[PDB]
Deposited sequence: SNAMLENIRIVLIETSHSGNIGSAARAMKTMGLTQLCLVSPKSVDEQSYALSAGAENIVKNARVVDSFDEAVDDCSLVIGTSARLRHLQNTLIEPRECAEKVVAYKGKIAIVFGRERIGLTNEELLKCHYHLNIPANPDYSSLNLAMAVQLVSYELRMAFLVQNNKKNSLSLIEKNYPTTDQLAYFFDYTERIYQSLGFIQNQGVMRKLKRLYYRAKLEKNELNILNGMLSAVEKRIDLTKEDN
């Protein structure tokens, strides 16, 4: 379900925004709202929720970011395209596709009304979600950003349910391990000297859509090489 997604708002300054976000969530089928030290949750939150009062009432209220995301193994924060976030920057479409496919708890984290998220809060996210926007005017209202992300989450959920089609292949930990395994070895061999190799390698292996059998063989090859490396220090 959309039930494993927690929507987290950090220090919402305007209490109406919380109602608007509850409404936007409910409109798309989301329910789990989390507020990290909201400035206030009040009659204005309840009024703007307009039928989504249940989402507001059931909101988890916590005093910290870490508390908000304590049992989520995937954490995504909304961000501007800051230079230092370039390797983990993603957009809502790809994000929605990642999320709907994820096994486990996911938190999507929206920052403060003007400021967004601090770098320290950003460091606590695995991916950084950027909404493509007018470069001259690229900050959304907090509830509208939630509305758009909630909307791509439902588009992705529906597309997936249109097939539920079905094919057992390779699981994502098996594959990310294949990467790390590949990275360790070829780094050891003097070959990998930056991220570029591992970027092309994943772009290739996705395209191929490795069968479980194929992952097996590429894995046995790593081991055979490791044996020789390990049998040479």
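Chemist: What gaps appear when the modelled C-alpha atoms are mapped onto the deposited sequence?
Modeler: Sequence ranges with no C-alpha atoms are 1 to 3, 168 to 172, 242 to 244.
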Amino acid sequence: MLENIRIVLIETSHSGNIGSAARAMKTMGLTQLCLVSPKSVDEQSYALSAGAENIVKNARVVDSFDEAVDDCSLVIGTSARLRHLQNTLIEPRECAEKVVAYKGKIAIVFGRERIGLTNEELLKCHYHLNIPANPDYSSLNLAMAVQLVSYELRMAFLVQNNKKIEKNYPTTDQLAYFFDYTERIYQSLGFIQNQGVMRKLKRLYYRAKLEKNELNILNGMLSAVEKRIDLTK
From here on, numbers count along this sequence of modelled residues.
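Chemist: Of 120 to 128 and 155 to 163, which one has the bigger average CA B-factor?
Modeler: The deposited B-factors put 155 to 163 ahead on the C-alpha mean.
Chemist: Tell me which of 106 to 114 and 146 to 154 has the higher mean C-alpha B-factor in the deposited entry.
Modeler: Result of the comparison: 106 to 114.
Chemist: When the CA B-factors of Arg184, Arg199, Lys26, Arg60 are compared as recorded in the entry, which is the largest?
Modeler: Among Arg184, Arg199, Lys26, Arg60, the PDB entry lists the largest C-alpha B-factor for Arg60.
Chemist: Please rank the C-alpha B-factors of the chain's modelled residues and tell me whether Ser15 sits in the lowest, middle or highest third.
Modeler: Highest third, going by the recorded CA B-factors of the chain.
Chemist: Pull the Cα B-factor of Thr31 out of the PDB entry and bin it into the chain's lowest, middle or highest third.
Modeler: Answer is middle: the recorded C-alpha B-factor places it there.
Chemist: If you rank every modelled residue in this chain by C-alpha B factor, which third holds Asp70: lowest, middle or highest?
Modeler: Middle third.
Chemist: Lowest, middle or highest third: which one holds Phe191 when the chain's residues are ordered by CA B-factor from the entry?
Modeler: Its C-alpha B-factor belongs to the lowest third of this chain's values.
Chemist: Considering only modelled residues of the same chain, in which third does the CA B-factor of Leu48 rank: lowest, middle or highest?
Modeler: Highest third, going by the recorded CA B-factors of the chain.
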